[PDB]
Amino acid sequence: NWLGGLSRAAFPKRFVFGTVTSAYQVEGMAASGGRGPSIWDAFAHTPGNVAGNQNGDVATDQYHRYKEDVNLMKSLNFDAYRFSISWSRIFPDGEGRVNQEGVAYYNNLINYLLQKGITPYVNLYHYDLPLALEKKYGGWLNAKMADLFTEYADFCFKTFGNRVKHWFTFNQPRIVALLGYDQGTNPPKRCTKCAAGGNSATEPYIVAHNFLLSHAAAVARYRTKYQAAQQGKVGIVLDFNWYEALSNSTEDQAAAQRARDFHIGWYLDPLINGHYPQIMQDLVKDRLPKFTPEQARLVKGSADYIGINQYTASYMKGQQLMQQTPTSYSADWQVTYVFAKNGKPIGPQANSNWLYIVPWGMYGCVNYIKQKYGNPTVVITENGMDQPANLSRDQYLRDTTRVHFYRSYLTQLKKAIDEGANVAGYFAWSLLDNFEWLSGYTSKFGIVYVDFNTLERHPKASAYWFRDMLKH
């Protein structure tokens, strides 16, 4: 049967199911309603940066249509919605003056969600640094971000936290560090060779450290000032793709473990254990910042739950660890990616070249965090796959591959939960086809189709799959 035995009965009592968007990717009204620009507005408006020179000026226009989109998610039997607040829609300059029209939007959205029985899970940040903060402070290169982010977070707690009980600070700080400061392909476009400046060997580590210190500072503010009255929770969202040793050789098994540590341990060891992974300390040395005892104690235990964005898996091949002139965060891992074993690909690709469909990676990741980190509370905060551009509406709606994707991946998550993993919830990326960063509107991740000419919504087969699976 097309549910493959899945239903709410197959998951723990009170397990949360939701869908996900992010502000810049869906809201639109990027330069209206008092919103100031983010680094993504500037980047997207530069010819050549985004597929087709597209941007998020209008996106899906959820700003005007949010009640339609909330009605739809409720009709599909989801319990929750993960979205983000645009920092520059609240503070157009990232600090100082509040945009009251921006505040009213998020109030109206949160209030409508609650009216319809949908739980808001709110990200404070999803790549969209106010452009004014980038220009004035140097963004995440500046330790002052901890203060700036904490004052922003404080405002959001004060204004929405009587209603919002489930917060996240950041989304995929690894991707910000990697693409913004190692490869220099997302804003601020920094890297060793880059026109904007940078250093691929040092800046990614500086950025990650500042995200960890800012997270900790915002959570300390929540706990000391807001928690007693509001009784909510604050976590963080981390990407984790699975790495499987290519063979059972000592060097391949080591390479796979190195990859895990440089990918997810980079953030989880500080958040769980109060220090960076030992291998990163050993290999990155002076280029890895050192937490003071006081900082490490602020960071450790600072996430009420760990959000994991889980998409894909790779095989890892090792090598003897070499003394190397430092070049980049990526090269520091000393591993070789491999995408076939025994002459067979690890899985077929979705539209995005990096996205290999490997449902057992979901089990790998969840089991791994269970066994390594003392079984912390984990929320699967994104999981999904994309269709290519230029299909007909009916081709988009017959998303048989995405249906198979969700059934397989959710079966593997169920496998890990049944083995004892402390997973509290699962969220599909995305509710709607949207602005997919460098891919623009050329990558379709939604369970709901969006016609980008007319802005009409049409639920795909995968939306109906969820509605059937999730009926109460």
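Note that residue numbering begins at 1 and tracks the sequence as displayed.
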Legend entry - 426-434 versus 412-420 - which carries the larger mean C-alpha B factor in the record: 412-420
Inset, instruction - Decide which of the stretches 235-243 and 341-349 has the higher mean C-alpha B-factor, going by the entry. - result: 341-349
Inset, instruction - For the C-alpha B-factor as written in the entry, point me to the maximum among 449, 11, 17, 24. - result: 11
Legend entry - C-alpha B-factor winner, where the candidates are 104, 220, 391, 164: 391
Inset, instruction - Comparing against every modelled residue in the chain, figure out the third that the C-alpha B-factor of residue 37 lands in (lowest, middle or highest). - result: middle
Legend entry - residue 62 CA temperature factor, ranked by third within the chain: lowest
Legend entry - Modelled-residue ranking by C-alpha temperature factor, third containing residue 297: middle
Inset, instruction - Can you work out whether the C-alpha temperature factor of residue 226 puts it in the lowest, middle or highest third of the chain? - result: highest
Inset, instruction - Relative to the other modelled residues of the same chain, rank the CA B-factor of residue 48 and answer lowest, middle or highest third. - result: highest
